[PDB]
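One file, run37.cif, is given below (mmCIF, C-alpha atoms and all ligand atoms).
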data_run
loop_
_atom_site.group_PDB
_atom_site.id
_atom_site.type_symbol
_atom_site.label_atom_id
_atom_site.label_comp_id
_atom_site.auth_asym_id
_atom_site.auth_seq_id
_atom_site.Cartn_x
_atom_site.Cartn_y
_atom_site.Cartn_z
ATOM 1 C CA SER A 22 -30.105 -11.929 -7.694
ATOM 2 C CA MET A 23 -30.485 -9.956 -4.579
ATOM 3 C CA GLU A 24 -27.777 -12.015 -2.798
ATOM 4 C CA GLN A 25 -25.322 -10.902 -5.587
ATOM 5 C CA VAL A 26 -26.381 -7.338 -5.143
ATOM 6 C CA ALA A 27 -25.782 -7.545 -1.419
ATOM 7 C CA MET A 28 -22.246 -8.943 -2.001
ATOM 8 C CA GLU A 29 -21.577 -6.067 -4.459
ATOM 9 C CA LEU A 30 -22.778 -3.468 -1.924
ATOM 10 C CA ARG A 31 -20.366 -5.013 0.657
ATOM 11 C CA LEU A 32 -17.423 -4.774 -1.822
ATOM 12 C CA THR A 33 -18.323 -1.187 -2.510
ATOM 13 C CA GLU A 34 -18.369 -0.347 1.190
ATOM 14 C CA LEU A 35 -15.010 -2.110 1.739
ATOM 15 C CA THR A 36 -13.664 -0.054 -1.173
ATOM 16 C CA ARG A 37 -14.873 3.130 0.506
ATOM 17 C CA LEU A 38 -13.149 2.201 3.735
ATOM 18 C CA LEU A 39 -9.881 1.159 1.957
ATOM 19 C CA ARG A 40 -9.887 4.501 0.097
ATOM 20 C CA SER A 41 -9.881 6.387 3.435
ATOM 21 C CA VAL A 42 -7.103 4.010 4.692
ATOM 22 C CA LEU A 43 -5.073 4.678 1.486
ATOM 23 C CA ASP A 44 -5.480 8.445 1.902
ATOM 24 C CA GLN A 45 -4.385 8.236 5.605
ATOM 25 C CA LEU A 46 -1.312 6.112 4.665
ATOM 26 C CA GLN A 47 -0.352 8.392 1.963
ATOM 27 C CA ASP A 48 -0.471 11.406 4.286
ATOM 28 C CA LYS A 49 2.286 9.690 6.228
ATOM 29 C CA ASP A 50 4.489 10.137 3.074
ATOM 30 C CA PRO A 51 4.567 13.912 2.581
ATOM 31 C CA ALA A 52 7.776 13.615 0.522
ATOM 32 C CA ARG A 53 5.840 11.444 -1.890
ATOM 33 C CA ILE A 54 8.667 8.889 -1.983
ATOM 34 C CA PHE A 55 6.080 6.076 -2.511
ATOM 35 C CA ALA A 56 3.506 7.919 -4.656
ATOM 36 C CA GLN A 57 4.459 6.578 -8.049
ATOM 37 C CA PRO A 58 6.196 3.517 -9.570
ATOM 38 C CA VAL A 59 9.954 3.322 -9.752
ATOM 39 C CA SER A 60 10.653 4.225 -13.390
ATOM 40 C CA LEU A 61 12.600 1.530 -15.355
ATOM 41 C CA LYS A 62 13.980 4.424 -17.423
ATOM 42 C CA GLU A 63 15.801 5.778 -14.134
ATOM 43 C CA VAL A 64 16.675 2.542 -12.136
ATOM 44 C CA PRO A 65 17.163 0.329 -15.332
ATOM 45 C CA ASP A 66 18.332 -2.475 -13.076
ATOM 46 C CA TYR A 67 15.247 -2.283 -10.740
ATOM 47 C CA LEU A 68 13.403 -5.406 -11.991
ATOM 48 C CA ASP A 69 16.534 -7.570 -11.591
ATOM 49 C CA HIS A 70 16.225 -6.785 -7.922
ATOM 50 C CA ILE A 71 12.538 -6.370 -7.144
ATOM 51 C CA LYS A 72 10.075 -8.944 -8.509
ATOM 52 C CA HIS A 73 6.795 -7.255 -7.551
ATOM 53 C CA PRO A 74 7.113 -3.408 -7.671
ATOM 54 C CA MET A 75 4.392 -1.554 -5.827
ATOM 55 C CA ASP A 76 3.453 2.149 -5.154
ATOM 56 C CA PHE A 77 0.494 4.167 -4.040
ATOM 57 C CA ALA A 78 -0.742 5.081 -7.537
ATOM 58 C CA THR A 79 -0.817 1.432 -8.496
ATOM 59 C CA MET A 80 -2.822 0.653 -5.346
ATOM 60 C CA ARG A 81 -5.261 3.460 -6.096
ATOM 61 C CA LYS A 82 -5.822 2.010 -9.623
ATOM 62 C CA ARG A 83 -6.619 -1.388 -8.117
ATOM 63 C CA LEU A 84 -8.893 0.158 -5.522
ATOM 64 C CA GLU A 85 -10.883 2.112 -8.077
ATOM 65 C CA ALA A 86 -11.599 -1.145 -9.951
ATOM 66 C CA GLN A 87 -12.767 -2.612 -6.577
ATOM 67 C CA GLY A 88 -9.829 -4.952 -6.866
ATOM 68 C CA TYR A 89 -9.240 -5.581 -3.148
ATOM 69 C CA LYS A 90 -11.638 -8.274 -1.882
ATOM 70 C CA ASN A 91 -10.471 -8.014 1.725
ATOM 71 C CA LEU A 92 -8.095 -6.008 3.965
ATOM 72 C CA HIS A 93 -5.386 -8.708 3.795
ATOM 73 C CA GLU A 94 -4.979 -8.130 0.039
ATOM 74 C CA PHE A 95 -4.639 -4.343 0.553
ATOM 75 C CA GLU A 96 -2.114 -4.839 3.383
ATOM 76 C CA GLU A 97 -0.051 -7.168 1.152
ATOM 77 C CA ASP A 98 0.355 -4.378 -1.394
ATOM 78 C CA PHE A 99 1.271 -1.829 1.324
ATOM 79 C CA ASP A 100 3.888 -4.215 2.712
ATOM 80 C CA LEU A 101 5.375 -4.594 -0.763
ATOM 81 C CA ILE A 102 5.909 -0.846 -0.982
ATOM 82 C CA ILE A 103 7.836 -0.931 2.311
ATOM 83 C CA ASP A 104 9.630 -4.201 1.901
ATOM 84 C CA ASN A 105 10.837 -3.578 -1.675
ATOM 85 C CA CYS A 106 12.289 -0.212 -0.565
ATOM 86 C CA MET A 107 14.067 -1.798 2.441
ATOM 87 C CA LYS A 108 15.708 -4.368 0.136
ATOM 88 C CA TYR A 109 16.821 -2.124 -2.767
ATOM 89 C CA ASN A 110 18.034 0.745 -0.586
ATOM 90 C CA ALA A 111 20.637 0.582 2.202
ATOM 91 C CA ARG A 112 20.003 1.379 5.856
ATOM 92 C CA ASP A 113 21.803 4.676 5.660
ATOM 93 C CA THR A 114 19.494 6.161 2.998
ATOM 94 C CA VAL A 115 16.635 8.583 3.145
ATOM 95 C CA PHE A 116 14.619 5.942 1.173
ATOM 96 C CA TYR A 117 15.139 3.094 3.668
ATOM 97 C CA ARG A 118 14.446 5.438 6.553
ATOM 98 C CA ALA A 119 11.253 6.843 4.968
ATOM 99 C CA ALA A 120 10.012 3.212 4.560
ATOM 100 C CA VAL A 121 10.656 2.503 8.246
ATOM 101 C CA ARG A 122 8.741 5.617 9.350
ATOM 102 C CA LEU A 123 5.843 4.781 6.938
ATOM 103 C CA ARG A 124 5.618 1.222 8.262
ATOM 104 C CA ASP A 125 5.532 2.503 11.884
ATOM 105 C CA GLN A 126 2.987 5.235 11.274
ATOM 106 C CA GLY A 127 0.925 3.035 8.970
ATOM 107 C CA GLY A 128 0.643 0.276 11.661
ATOM 108 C CA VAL A 129 -1.607 2.611 13.640
ATOM 109 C CA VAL A 130 -3.960 3.232 10.649
ATOM 110 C CA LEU A 131 -4.131 -0.472 9.770
ATOM 111 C CA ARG A 132 -4.783 -1.599 13.323
ATOM 112 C CA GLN A 133 -7.999 0.398 13.521
ATOM 113 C CA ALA A 134 -8.947 -0.513 9.905
ATOM 114 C CA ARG A 135 -8.898 -4.182 10.900
ATOM 115 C CA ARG A 136 -11.183 -3.503 13.893
ATOM 116 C CA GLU A 137 -13.652 -1.547 11.592
ATOM 117 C CA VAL A 138 -13.683 -4.207 8.850
ATOM 118 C CA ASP A 139 -14.344 -6.933 11.470
ATOM 119 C CA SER A 140 -16.939 -4.906 13.366
ATOM 120 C CA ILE A 141 -18.961 -3.709 10.305
ATOM 121 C CA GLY A 142 -18.546 -7.165 8.672
HETATM 122 NA NA NA B 201 19.474 -4.241 0.895
#

Please re-express this file's structure in structure tokens.
Amino acid sequence: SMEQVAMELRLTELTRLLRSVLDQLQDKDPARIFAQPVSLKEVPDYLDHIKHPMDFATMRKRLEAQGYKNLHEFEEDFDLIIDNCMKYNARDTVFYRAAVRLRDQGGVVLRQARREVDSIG
């Protein structure tokens, strides 16, 4: 149906916008601390601590499958990246601190993304 086509075009356009958001967030992580999953071969005890691991490569895989139906879903995944890091790592670490700076810088990007999603529909 044409109504189904129109819904698919909207999901595609949201995907486009979320790709640009993902690229902008990731630029805020030049150290690439959050680029890839924590390897269970190098923090063997990770999944005892963190129930829902998340990273930018995992988000990009979901995005390329048009797996985010709205901005809230995408934000949930970004908050997991930050929040998981702030639990596993102590305050005094480069990891905890990098997560704080990513959250702060990413707030800016996400604020305008919400306005654009709402405005374009
Ligand atoms: Na902690």

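Shortest atom-to-atom contact with residue 110 of chain A among A:80, A:64, A:38, A:52: A:64, counting only C-alpha atoms.
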
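Distance annotation: of A:141, A:114, A:89, A:136, the residue with the minimal separation from ligand NA 201 (chain B) is A:114; atom set is only C-alpha atoms and all ligand atoms.
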
Compile a residue-level contact table for chain A against ligand NA 201 (chain B) at a cut-off of 12 Å, reporting for every qualifying residue the shortest atom pair and its distance in Å to one decimal, with all atoms listed in the file counted, rows ordered by chain and ascending number, as a tab-separated table.
residue	atom	partner	partner_atom	distance
A:70	CA	B:NA201	NA	9.7
A:71	CA	B:NA201	NA	10.8
A:104	CA	B:NA201	NA	9.9
A:105	CA	B:NA201	NA	9.0
A:106	CA	B:NA201	NA	8.4
A:107	CA	B:NA201	NA	6.1
A:108	CA	B:NA201	NA	3.8
A:109	CA	B:NA201	NA	5.0
A:110	CA	B:NA201	NA	5.4
A:111	CA	B:NA201	NA	5.1
A:112	CA	B:NA201	NA	7.5
A:113	CA	B:NA201	NA	10.4
A:114	CA	B:NA201	NA	10.6
A:116	CA	B:NA201	NA	11.3
A:117	CA	B:NA201	NA	9.0

Residue neighbourhood residue 49 of chain A, 8 Å, all atoms listed in the file, exclusion window fewer than 2 positions, as JSON, numbers by chain: {"A": [45, 46, 47, 51, 123, 126, 127]}

Residue IDs satisfying the PyMOL selection byres (((chain A and resi 95) around 12) and not hetatm), as a ChimeraX atom specification: /A:35-36,38-40,42-43,46,75-77,79-81,83-84,87-94,96-102,131,134-135

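Atom CA of residue 33 of chain A is found 10.0 Å from atom CA of residue 86 of chain A.
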
Computed gap from atom CA of residue 41 of chain A to atom CA of residue 78 of chain A is 14.3 Å

As a check of understanding: the span from atom CA of residue 120 of chain A to atom CA of residue 103 of chain A is 5.2 Å

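If only C-alpha atoms are the atoms counted, then among A:54, A:32, A:26, A:59 the closest residue to residue 73 of chain A is A:59.
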
As lines of an AutoDock Vina configuration file, please: the centre and edge lengths in Å, to one decimal, of an axis-aligned box enclosing every listed atom of segment 118-132 of chain A with 4 Å added on each side.
center_x = 4.8
center_y = 2.6
center_z = 9.1
size_x = 27.2
size_y = 16.4
size_z = 17.1
